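Close look at the chain arrangement
Listed here are the chains, written in short residue letters.
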Amino acid sequence: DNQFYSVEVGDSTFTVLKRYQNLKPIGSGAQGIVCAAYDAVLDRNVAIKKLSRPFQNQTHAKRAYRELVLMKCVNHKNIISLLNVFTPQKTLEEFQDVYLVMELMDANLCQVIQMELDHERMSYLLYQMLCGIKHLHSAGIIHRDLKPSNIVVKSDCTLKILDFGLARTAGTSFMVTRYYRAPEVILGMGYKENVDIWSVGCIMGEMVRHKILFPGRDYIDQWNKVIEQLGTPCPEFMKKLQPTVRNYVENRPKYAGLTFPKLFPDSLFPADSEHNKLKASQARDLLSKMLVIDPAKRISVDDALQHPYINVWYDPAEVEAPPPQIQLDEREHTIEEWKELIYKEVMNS
Ligand SMILES: *[C@H](CC(=O)Nc1cccc(C(=O)Nc2ccc(Nc3nccc(-c4cccnc4)n3)cc2)c1)CN(C)C
């Protein structure tokens, strides 16, 4: 350790480059061991993430390789970019830790979501979400696990997605916050690109309500909250379900579902006149198109960006940006083989 020094941050040992100073913890969990620091070389504040046990198992190593490769290849203003990556260990044998250095954002969507939002800020945040999600979809990355904790914002209202979710896999399956997962993911029906639109709808509804739309101890409790509010899905949808989950879903008491005016009343929106009246109905209309159980009837990312509530921000330069090309991302390896794949990524950057 010549260019490195150690410091205990939030009950975790950070062995970082001497260029990163005044390390401060930036408190949460689940994902991950993150702190804030000042980069002396760049004269800017950064966020340093220490990966939690990347070689504990193959799921950790596959997720670490995937995140490191995608953060490097993707270059979009609404997706967090990798400023730097390093390991304090000198050889492949000694190699055990990975530190991802990214731009420091001011707050997580989980805190911004709780703020009284104006239609200008709200539509801008959703526009950026839809921009980032569009950019990921263009490269074949279907997130499937978009949630407020996976999204960060800056003081100037600029938004960035942290994660890539299940990314390039072909089956909606994970394994602690499941309130944003689309019904087709929960019930295991298969998905299309608009699976991420449900998560955007959940997040938007929460911005309006200041309460989680579909809370619950588990998926069974969660599904009740979905049918109580949106109504029981069509027989056509319930036909597309597996006979065993279908049995439970069809045996539930039938709900007509509260209308979107009743789900999101004018009371939850800025009052009085004329611009605010216009904007309350536009926001509610977009929610009625995003918060749809049946994905065959749910709005796409492209059409959502074309919606009058969002289209006010539409910029072809941000929306129609070229997709990232490519490593690869669906082949299994031993933990030793992932370690070497991860080591070469950290070293060749
Ligand atoms: C709500 C969950 C909730 O409320 N969590 C929460 C509350 C208050 C503060 C924080 C918090 O400190 N979160 C953060 C996160 C990030 C940042 N800035 C940042 N910049 C760049 C990169 C990162 C980063 C990268 C990787 C992992 N984490 C962060 N962060 C500032 C503050 C969190 C639950 N609802 C869903 C109900």
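Residues numbered from 1 in each chain as written, not as in the entry; some residues may be left out. Heavy atoms only, no water. Residues with missing side-chain atoms left out of burial classes, pairs and counts.

For this deposited structure, the header cites X-ray crystallography as the method used and 2.97 Å as the resolution.

Assignment of secondary structure puts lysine 147 in the loop between helix 3 (119-138) and strand 9 (151-153). When its relative accessible area of 11% is taken as the criterion, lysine 147 is described as buried. Between the C-alpha atoms of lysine 147 and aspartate 163, which are 16 residues apart in sequence, the distance is 9.5 Å. (Helix = DSSP H or I, 4+ residues; strand = E, 2+ residues; numbered from the N terminus. Buried < 20%, exposed > 50% of the residue type's maximum accessible area, 1.4 Å probe, protein only.)

If you check helix 3, its first and last C-alpha atoms are 28 Å apart, about what 20 residues at 1.5 Å a residue would give, namely 28 Å. Within helix 3, 17 of the 20 residues are buried, which leaves it mostly tucked inside the rest of the structure. Downstream of helix 3 by one or two residues, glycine 140 has phi in the positive range, about 80 degrees. (Expected span 1.5 Å × (residues − 1).)

Spatially, 3 strands are ordered 8-9-10 in an open sheet, and the strand pairing comes out antiparallel. Only two strands of the sheet have a single neighbouring strand rather than two, namely strand 8 (107-108) and strand 10 (159-161). Where strand 8 lies against strand 9, 2 bridges are found, and the strand directions are antiparallel. Its bridge partner lying in strand 9, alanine 107 is registered against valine 153. (Pairing = 2+ DSSP bridges.)

Before going further, it helps to spend a moment on the pattern of salt bridges. Inspection of every chain in the model, using the stated rule, returns 17 salt bridges. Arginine 284 is paired through a salt bridge with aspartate 266; the nearest N and O atoms lie 3.2 Å apart. Taken together, the residues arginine 284 in helix 10 (residues 275-290) and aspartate 266 in the loop between helix 9 (260-263) and helix 10 connect sequence positions 18 residues apart. Classification of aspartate 266 by relative accessible area gives exposed; the value is 52%. (Salt bridge = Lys/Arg side-chain N within 4 Å of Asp/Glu carboxyl O.)

Glancing now at the domain arrangement of the protein chain. In terms of domain boundaries, the protein chain breaks down into domain 1 (4-106) and domain 2 (107-319). A straight line from the C-alpha centre of domain 1 to that of domain 2 covers 29 Å. Taken together, the contact between domain 1 and domain 2 spans 15 residues of the former and 23 residues of the latter. When the two sides are added together, the surface that domain 1 and domain 2 hide from each other amounts to roughly 1,900 Å², 59% of it contributed by carbon and sulfur. By the criterion of area lost to domain 2, the three top residues of domain 1 are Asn78, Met105 and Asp106, representing 33% of everything that side buries. Across the contact surface, domain 1 and domain 2 share 3 salt bridges. The shortest N-O distance in the salt bridge between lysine 77 and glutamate 318 comes to 2.8 Å. Where domain 1 packs against domain 2, one counts 11 residue pairs in polar contact. Here the side of domain 1 that touches domain 2 is built from residues that sort into 7 nonpolar, 2 polar and 6 charged. (Domains from an automatic or database assignment. Contact = heavy atoms within 4.5 Å. Buried area = accessible area lost by both parts, 1.4 Å probe. Polar contact = N/O pair within 3.5 Å; in protein donor to acceptor, adjacent residues only side chain to side chain. Nonpolar A, V, L, I, M, F, W, Y, C, P; charged D, E, K, R; others polar.)

Our next topic: the state of the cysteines. What the rule picks out here adds up to 0 disulfides. Not engaged in a disulfide, the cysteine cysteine 131 finds its nearest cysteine sulfur in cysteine 157; these two sulfurs lie 13 Å apart. (Disulfide = S-S within 2.5 Å.)

Right, let's get into the UniProt feature "active site" in the protein chain. With numbering matched to this structure, UniProt assigns "active site" to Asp145. Given a relative accessible area of 10%, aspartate 145 falls into the buried group. (UniProt positions renumbered as here; feature names shortened; annotations may be inferred.)

Our next topic: helix 6 (residues 219-230). Spanning 12 residues, helix 6 covers 16 Å between terminal C-alpha atoms, matching the ideal 16 Å at 1.5 Å per step. Taken as a whole, helix 6 has its buried residues at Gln222, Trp223, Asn224, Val226, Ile227, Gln229 and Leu230. Check the buried side of helix 6 and you find it contacts helix 4 (183-186), helix 5 (195-209), helix 7 (235-239), helix 8 (243-251) and helix 9. Taking the backbone nitrogen of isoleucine 220 as reference, a side-chain oxygen 3.2 Å away marks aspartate 218 as the first, capping residue of helix 6. Downstream of helix 6 by one or two residues, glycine 231 has phi in the positive range, about 95 degrees.

Among the 20 residues in the neighbourhood of the ligand, the closest are listed as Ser28, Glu103, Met105, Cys110 and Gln111. Take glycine 27: an N or O atom from its main chain is 3.3 Å from an oxygen atom of the ligand. Between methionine 105 and the ligand, the recorded distance is 2.7 Å, taken from a backbone N or O atom to a nitrogen atom. A total of 780 Å² of accessible area belongs to the ligand in isolation, and the protein chains cover 77% of it. Only strand 7 (99-103), strand 8 and helix 2 (109-112) provide two or more residues apiece to the shell around the ligand. Across the shell around the ligand, the residue classes tally to 12 nonpolar, 6 polar and 2 charged. Among the domains, domain 1 (4-106) and domain 2 (107-319) are the pair contributing at least three residues each to the shell around the ligand. (Near = heavy atom within 4 Å. Areas by Shrake-Rupley, 256 points an atom, 1.4 Å probe, with all protein chains shown as cover.)

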